[PDB]
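Taking it in order: structure first as structure tokens, then the write-up.
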Amino acid sequence: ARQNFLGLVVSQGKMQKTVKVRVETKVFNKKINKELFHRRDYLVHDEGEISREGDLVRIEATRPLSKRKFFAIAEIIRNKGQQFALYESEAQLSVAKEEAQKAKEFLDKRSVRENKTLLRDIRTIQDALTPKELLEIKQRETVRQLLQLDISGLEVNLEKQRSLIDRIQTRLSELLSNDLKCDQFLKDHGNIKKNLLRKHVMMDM
Amino acid sequence: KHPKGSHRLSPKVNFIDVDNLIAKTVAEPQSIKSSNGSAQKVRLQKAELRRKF
RNA sequence: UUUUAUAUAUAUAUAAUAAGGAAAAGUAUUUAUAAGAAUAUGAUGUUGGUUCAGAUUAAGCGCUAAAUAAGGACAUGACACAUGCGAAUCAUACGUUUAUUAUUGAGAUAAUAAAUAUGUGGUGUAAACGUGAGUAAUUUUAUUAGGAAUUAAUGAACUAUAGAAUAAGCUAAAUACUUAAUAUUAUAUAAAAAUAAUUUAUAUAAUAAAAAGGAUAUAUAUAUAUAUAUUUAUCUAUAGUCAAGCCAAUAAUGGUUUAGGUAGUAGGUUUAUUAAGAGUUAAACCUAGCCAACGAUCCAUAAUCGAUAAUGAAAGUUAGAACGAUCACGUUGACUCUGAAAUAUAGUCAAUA
RNA sequence: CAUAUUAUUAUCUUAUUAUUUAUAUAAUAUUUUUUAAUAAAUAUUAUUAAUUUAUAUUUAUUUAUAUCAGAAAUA
Ligand SMILES: [Mg+2]
Ligand SMILES: [Mg+2]
Ligand SMILES: [Mg+2]
Ligand SMILES: [Mg+2]
Ligand SMILES: [Mg+2]
Ligand SMILES: [Mg+2]
Ligand SMILES: [Mg+2]
Ligand SMILES: [Mg+2]
Ligand SMILES: [Mg+2]
Ligand SMILES: [Mg+2]
Ligand SMILES: [Mg+2]
Ligand SMILES: [Mg+2]
Ligand SMILES: [Mg+2]
Ligand SMILES: [Mg+2]
Ligand SMILES: [Mg+2]
Ligand SMILES: [Mg+2]
Ligand SMILES: [Mg+2]
Ligand SMILES: [Mg+2]
Ligand SMILES: [Mg+2]
Ligand SMILES: [Mg+2]
Ligand SMILES: [Mg+2]
Ligand SMILES: [Mg+2]
Ligand SMILES: [Mg+2]
Ligand SMILES: [Mg+2]
């Protein structure tokens, strides 16, 4: 049959309808006493110019098409070279819009800080517990709400996570202890049983 | 696609038919009837032996 | 261990408790094969080179030499050559020349014998033989169960089959030459698939391209023709056999103190040319490529190889004389005819003698 | 400094050859218009040799491209 060599495209777009394909073959060298790879580069016909650098292809025997070109591409097993340009263009397009959004956010934050006395205000509300400035500050347990800190949110979130983990583990252990109770749990929900119990128990919680 | 001037597939194998090869290569004479010839008998004998072989 | 008890807040601490004992007699080929020595040192060990012990030659030379049988024999100046041979053969291609017999009257024609290859022709010298200059690959060598452009209406020269072998001219005459007659591919329609093409069948178009008679006998008639038969020839067609043309992959010496090289250069599109692909050559228009420190380009050297020779335990290393395969050359260089194939040991031109 | 041989070339010369140009009262074949010499019959009418004419196959001539080999230059 026509000679067939598996290869990787190493140069493309330099010439018209011609690429360089990197063919590796197994040879035995006696002086080393080793099977080693021997490498060559073939000038190959690419009609349609589909193949891109980095793609994994055949190059198959053909009539002489030029002085140095005797092989033609037949198919592309791996389209990595093709994808490397599509992803490039998509990355450019997406980065532009994401840049624009984040720059808008930064400009907005600059405006907020430009607009820009909390201690004095809070003390004025505290002493009140006068009327007009108090109302204006209101527009600008209320003291507790105005001073609620993000750390409390972190504390409650941490407690939620720990409670969830511990409850899951204790229910798993409890159901695993009584094997029949595990089967009842499975049937009500409607080593394989172990995974099914784990899934159902976490879905419960 | 393949190159413009090339053939996508290799030439198809020409499967010999032994009966056809025998018929075309060595064909029995149509004119069986012939008269006496000194060299004609020898030529006929040689041709028959070669065809058989 | 395991299980359980009490106590304490599903878990924890203490206490007790433990299921693993079975038996039986008899039922070679081993493979391939690697040896060192002398010389350092005041002496020792080690590194280290040098030399030696073995085998062999395309051998030469010194001394010596009986016969027979076989295998080799200009490796150097691809330096120059006196002399003789190495490619002729056909009288059944055509012509000539004689002698006798016969009839015809210096000749004419037959029959029988001969000569004639200093005239016109056919076939053979692209082989074989010898050589190794060139060639480091741009076409060379080796190998592949490698290919296509998917190689010609190619037979070179035999086999098997069918056909045909006609007319003129010029030769003094012809199987010599010319002129003429006659006898796969490209399209269109379908079919399939080994399909993004190929193949198959059909119908057309042109295929459309030839030839040659001699030697004998007889049979006719009127020496002339003719008609057969036997022999040897000629042309065409199909198939076979033997063959050719082109490309791919891997390998093929030394020097980078030769590091950059290449502009037809690398690729693309067409056209001319071939049976056939391709910057192989010729023309045109585009792109900027291609090779290279895993060594390009350049230079030097060299015919290449084997189931050949030598050597080694072997991997390998050396040779390429002898046997065999391939290439190139026939004093040097280029081109041309013929041809299927030649830059032919041909021809032409030039160079050398 | 001197000798030598391969290689090349924006240079010079060029055998032969391959294409390619332009020309031929240039030929040869055939096709016409015509002229001589000749042949059969009652003014001929055709024939061969020469005149003019336009298609092929070449010859001489020159246009260009390449080209063995030679100088010149370089290595
Ligand atoms: Mg091409
Ligand atoms: Mg000593
Ligand atoms: Mg020795
Ligand atoms: Mg002898
Ligand atoms: Mg010699
Ligand atoms: Mg020799
Ligand atoms: Mg004779
Ligand atoms: Mg003669
Ligand atoms: Mg020869
Ligand atoms: Mg020989
Ligand atoms: Mg004649
Ligand atoms: Mg003839
Ligand atoms: Mg081309
Ligand atoms: Mg080239
Ligand atoms: Mg060009
Ligand atoms: Mg080098
Ligand atoms: Mg040599
Ligand atoms: Mg040589
Ligand atoms: Mg030899
Ligand atoms: Mg050698
Ligand atoms: Mg010899
Ligand atoms: Mg020669
Ligand atoms: Mg020569
Ligand atoms: Mg000589």
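Chain lettering (A, B, ...) mirrors the order of the structure tokens, residue numbering begins at 1 for each chain separately, and ligand numbering begins at 1 in order of display.
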
Might you pull out every residue within 12 Å of residue 121 in chain A, with only C-alpha atoms (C1' of nucleotides) counted and same-chain residues fewer than 5 positions away left off, and present them as a CSV table (one decimal) with N, CA and C atoms, in the first residue's frame?
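The resulting file, result-v5.csv, is reproduced below:
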chain,number,residue,atom,x,y,z
A,126,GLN,N,-27.2,58.1,69.2
A,126,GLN,CA,-27.2,57.6,70.6
A,126,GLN,C,-27.7,58.6,71.6
A,127,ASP,N,-27.3,59.9,71.5
A,127,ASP,CA,-27.7,60.9,72.4
A,127,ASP,C,-29.2,61.2,72.2
A,128,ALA,N,-29.7,61.1,71.0
A,128,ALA,CA,-31.1,61.4,70.7
A,128,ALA,C,-32.0,60.5,71.5
A,130,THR,N,-31.7,69.1,66.8
A,130,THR,CA,-31.6,67.7,67.1
A,130,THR,C,-32.5,66.8,66.1
A,133,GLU,N,-31.4,67.2,62.0
A,133,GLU,CA,-30.1,66.6,61.7
A,133,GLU,C,-30.2,65.1,61.9
A,134,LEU,N,-30.9,64.6,62.9
A,134,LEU,CA,-31.1,63.2,63.2
A,134,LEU,C,-31.8,62.5,62.0
A,135,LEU,N,-32.8,63.2,61.4
A,135,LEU,CA,-33.5,62.6,60.3
A,135,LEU,C,-32.5,62.6,59.1
A,136,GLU,N,-31.8,63.6,58.9
A,136,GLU,CA,-30.8,63.7,57.7
A,136,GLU,C,-29.8,62.5,57.9
A,137,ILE,N,-29.3,62.3,59.1
A,137,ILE,CA,-28.4,61.2,59.3
A,137,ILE,C,-29.1,59.9,59.0
A,138,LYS,N,-30.3,59.8,59.4
A,138,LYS,CA,-31.1,58.5,59.1
A,138,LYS,C,-31.1,58.3,57.6
A,139,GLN,N,-31.4,59.3,56.8
A,139,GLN,CA,-31.4,59.1,55.3
A,139,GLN,C,-30.0,58.7,54.8
A,140,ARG,N,-29.0,59.4,55.4
A,140,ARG,CA,-27.6,59.1,55.0
A,140,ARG,C,-27.2,57.6,55.3
A,142,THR,N,-31.0,50.5,65.6
A,142,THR,CA,-30.5,51.0,64.4
A,142,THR,C,-29.0,51.2,64.4
A,143,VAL,N,-28.5,51.5,65.6
A,143,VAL,CA,-27.0,51.6,65.8
A,143,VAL,C,-26.4,50.2,65.6
A,146,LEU,N,-26.3,49.5,61.8
A,146,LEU,CA,-25.3,50.3,61.1
A,146,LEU,C,-23.9,49.9,61.4
A,147,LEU,N,-23.7,49.2,62.5
A,147,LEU,CA,-22.4,48.7,62.9
A,147,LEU,C,-22.2,47.2,62.8

inquiry  = When DSSP is applied to the backbone of this structure, which of chain B are assigned alpha helix (DSSP H)? Write them out as a ChimeraX atom specification.
reply    = /B:18-25,38-52

Expected file contents, prior selection, N, CA, C and O atoms, as a PDB file, in the first residue's frame:
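So the final result, stored in selection.pdb, reads:
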ATOM      1  N   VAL B  18      -8.269 -17.786 -14.595  1.00  0.00           N
ATOM      2  CA  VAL B  18      -7.407 -18.774 -15.238  1.00  0.00           C
ATOM      3  C   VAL B  18      -8.020 -19.239 -16.551  1.00  0.00           C
ATOM      4  O   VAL B  18      -7.311 -19.442 -17.544  1.00  0.00           O
ATOM      5  N   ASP B  19      -9.342 -19.415 -16.583  1.00  0.00           N
ATOM      6  CA  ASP B  19      -9.991 -19.822 -17.825  1.00  0.00           C
ATOM      7  C   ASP B  19      -9.795 -18.773 -18.913  1.00  0.00           C
ATOM      8  O   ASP B  19      -9.467 -19.109 -20.056  1.00  0.00           O
ATOM      9  N   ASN B  20      -9.976 -17.495 -18.574  1.00  0.00           N
ATOM     10  CA  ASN B  20      -9.783 -16.435 -19.559  1.00  0.00           C
ATOM     11  C   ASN B  20      -8.327 -16.349 -20.002  1.00  0.00           C
ATOM     12  O   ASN B  20      -8.044 -16.166 -21.191  1.00  0.00           O
ATOM     13  N   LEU B  21      -7.391 -16.465 -19.056  1.00  0.00           N
ATOM     14  CA  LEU B  21      -5.977 -16.408 -19.409  1.00  0.00           C
ATOM     15  C   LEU B  21      -5.609 -17.540 -20.355  1.00  0.00           C
ATOM     16  O   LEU B  21      -4.886 -17.333 -21.335  1.00  0.00           O
ATOM     17  N   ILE B  22      -6.100 -18.749 -20.079  1.00  0.00           N
ATOM     18  CA  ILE B  22      -5.831 -19.882 -20.958  1.00  0.00           C
ATOM     19  C   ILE B  22      -6.461 -19.659 -22.326  1.00  0.00           C
ATOM     20  O   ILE B  22      -5.837 -19.922 -23.361  1.00  0.00           O
ATOM     21  N   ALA B  23      -7.702 -19.172 -22.358  1.00  0.00           N
ATOM     22  CA  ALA B  23      -8.388 -18.986 -23.632  1.00  0.00           C
ATOM     23  C   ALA B  23      -7.665 -17.970 -24.507  1.00  0.00           C
ATOM     24  O   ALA B  23      -7.476 -18.195 -25.708  1.00  0.00           O
ATOM     25  N   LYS B  24      -7.254 -16.843 -23.924  1.00  0.00           N
ATOM     26  CA  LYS B  24      -6.631 -15.790 -24.722  1.00  0.00           C
ATOM     27  C   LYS B  24      -5.183 -16.129 -25.063  1.00  0.00           C
ATOM     28  O   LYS B  24      -4.727 -15.884 -26.186  1.00  0.00           O
ATOM     29  N   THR B  25      -4.441 -16.694 -24.107  1.00  0.00           N
ATOM     30  CA  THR B  25      -3.020 -16.943 -24.323  1.00  0.00           C
ATOM     31  C   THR B  25      -2.800 -18.109 -25.279  1.00  0.00           C
ATOM     32  O   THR B  25      -1.974 -18.025 -26.195  1.00  0.00           O
ATOM     33  N   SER B  38       4.511 -31.634 -44.792  1.00  0.00           N
ATOM     34  CA  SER B  38       5.676 -32.211 -44.127  1.00  0.00           C
ATOM     35  C   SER B  38       6.014 -31.456 -42.847  1.00  0.00           C
ATOM     36  O   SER B  38       6.240 -32.065 -41.795  1.00  0.00           O
ATOM     37  N   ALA B  39       6.061 -30.123 -42.918  1.00  0.00           N
ATOM     38  CA  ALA B  39       6.335 -29.324 -41.728  1.00  0.00           C
ATOM     39  C   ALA B  39       5.070 -28.997 -40.949  1.00  0.00           C
ATOM     40  O   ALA B  39       5.151 -28.664 -39.761  1.00  0.00           O
ATOM     41  N   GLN B  40       3.903 -29.061 -41.595  1.00  0.00           N
ATOM     42  CA  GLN B  40       2.664 -28.722 -40.903  1.00  0.00           C
ATOM     43  C   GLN B  40       2.377 -29.704 -39.775  1.00  0.00           C
ATOM     44  O   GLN B  40       1.925 -29.301 -38.697  1.00  0.00           O
ATOM     45  N   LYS B  41       2.628 -30.995 -39.999  1.00  0.00           N
ATOM     46  CA  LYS B  41       2.425 -31.976 -38.937  1.00  0.00           C
ATOM     47  C   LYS B  41       3.340 -31.698 -37.749  1.00  0.00           C
ATOM     48  O   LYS B  41       2.909 -31.765 -36.591  1.00  0.00           O
ATOM     49  N   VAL B  42       4.606 -31.374 -38.019  1.00  0.00           N
ATOM     50  CA  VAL B  42       5.552 -31.094 -36.943  1.00  0.00           C
ATOM     51  C   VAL B  42       5.123 -29.852 -36.171  1.00  0.00           C
ATOM     52  O   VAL B  42       5.148 -29.825 -34.933  1.00  0.00           O
ATOM     53  N   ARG B  43       4.727 -28.801 -36.893  1.00  0.00           N
ATOM     54  CA  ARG B  43       4.291 -27.573 -36.235  1.00  0.00           C
ATOM     55  C   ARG B  43       3.045 -27.816 -35.395  1.00  0.00           C
ATOM     56  O   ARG B  43       2.930 -27.301 -34.278  1.00  0.00           O
ATOM     57  N   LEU B  44       2.100 -28.602 -35.917  1.00  0.00           N
ATOM     58  CA  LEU B  44       0.895 -28.921 -35.160  1.00  0.00           C
ATOM     59  C   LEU B  44       1.235 -29.691 -33.893  1.00  0.00           C
ATOM     60  O   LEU B  44       0.683 -29.413 -32.822  1.00  0.00           O
ATOM     61  N   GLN B  45       2.145 -30.664 -33.993  1.00  0.00           N
ATOM     62  CA  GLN B  45       2.530 -31.436 -32.816  1.00  0.00           C
ATOM     63  C   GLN B  45       3.182 -30.547 -31.763  1.00  0.00           C
ATOM     64  O   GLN B  45       2.851 -30.636 -30.571  1.00  0.00           O
ATOM     65  N   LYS B  46       4.104 -29.678 -32.186  1.00  0.00           N
ATOM     66  CA  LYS B  46       4.759 -28.786 -31.234  1.00  0.00           C
ATOM     67  C   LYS B  46       3.757 -27.838 -30.588  1.00  0.00           C
ATOM     68  O   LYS B  46       3.806 -27.608 -29.372  1.00  0.00           O
ATOM     69  N   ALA B  47       2.840 -27.279 -31.382  1.00  0.00           N
ATOM     70  CA  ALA B  47       1.842 -26.371 -30.828  1.00  0.00           C
ATOM     71  C   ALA B  47       0.947 -27.085 -29.827  1.00  0.00           C
ATOM     72  O   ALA B  47       0.625 -26.534 -28.768  1.00  0.00           O
ATOM     73  N   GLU B  48       0.535 -28.315 -30.142  1.00  0.00           N
ATOM     74  CA  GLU B  48      -0.303 -29.069 -29.217  1.00  0.00           C
ATOM     75  C   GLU B  48       0.425 -29.333 -27.907  1.00  0.00           C
ATOM     76  O   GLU B  48      -0.150 -29.163 -26.823  1.00  0.00           O
ATOM     77  N   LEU B  49       1.698 -29.736 -27.984  1.00  0.00           N
ATOM     78  CA  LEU B  49       2.449 -29.993 -26.760  1.00  0.00           C
ATOM     79  C   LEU B  49       2.601 -28.724 -25.931  1.00  0.00           C
ATOM     80  O   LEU B  49       2.442 -28.754 -24.705  1.00  0.00           O
ATOM     81  N   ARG B  50       2.911 -27.599 -26.580  1.00  0.00           N
ATOM     82  CA  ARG B  50       3.069 -26.346 -25.849  1.00  0.00           C
ATOM     83  C   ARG B  50       1.764 -25.917 -25.188  1.00  0.00           C
ATOM     84  O   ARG B  50       1.760 -25.476 -24.029  1.00  0.00           O
ATOM     85  N   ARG B  51       0.643 -26.039 -25.905  1.00  0.00           N
ATOM     86  CA  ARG B  51      -0.646 -25.683 -25.321  1.00  0.00           C
ATOM     87  C   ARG B  51      -0.944 -26.550 -24.106  1.00  0.00           C
ATOM     88  O   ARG B  51      -1.358 -26.043 -23.053  1.00  0.00           O
ATOM     89  N   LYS B  52      -0.738 -27.863 -24.234  1.00  0.00           N
ATOM     90  CA  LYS B  52      -0.982 -28.760 -23.110  1.00  0.00           C
ATOM     91  C   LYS B  52      -0.116 -28.386 -21.917  1.00  0.00           C
ATOM     92  O   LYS B  52      -0.604 -28.319 -20.781  1.00  0.00           O
TER      93      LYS B  52
END

Nearby residues (only C-alpha atoms (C1' of nucleotides)) at most 12 Å from residue 187 in chain A, same-chain spacing under 5 positions excluded, as a ChimeraX atom specification = /A:180-182,193,196-197,200

Please produce a file of the residues just selected, as a short mmCIF file (atom, residue, chain, number, x, y, z; two decimals), in the first residue's frame, where the atoms kept are C-alpha atoms.
data_model
loop_
_atom_site.label_atom_id
_atom_site.label_comp_id
_atom_site.auth_asym_id
_atom_site.auth_seq_id
_atom_site.Cartn_x
_atom_site.Cartn_y
_atom_site.Cartn_z
CA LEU A 180 -31.60 -2.89 58.23
CA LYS A 181 -32.30 0.76 59.04
CA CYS A 182 -30.05 1.62 56.09
CA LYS A 193 -25.68 0.42 49.25
CA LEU A 196 -26.48 5.08 47.79
CA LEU A 197 -26.87 5.81 51.51
CA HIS A 200 -29.34 10.06 49.95
#

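In this structure, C1' of residue 233 in chain C sits 11.4 Å away from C1' of residue 122 in chain C.
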
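The two atoms in question, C1' of residue 138 in chain C and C1' of residue 328 in chain C, are spaced 16.1 Å apart.
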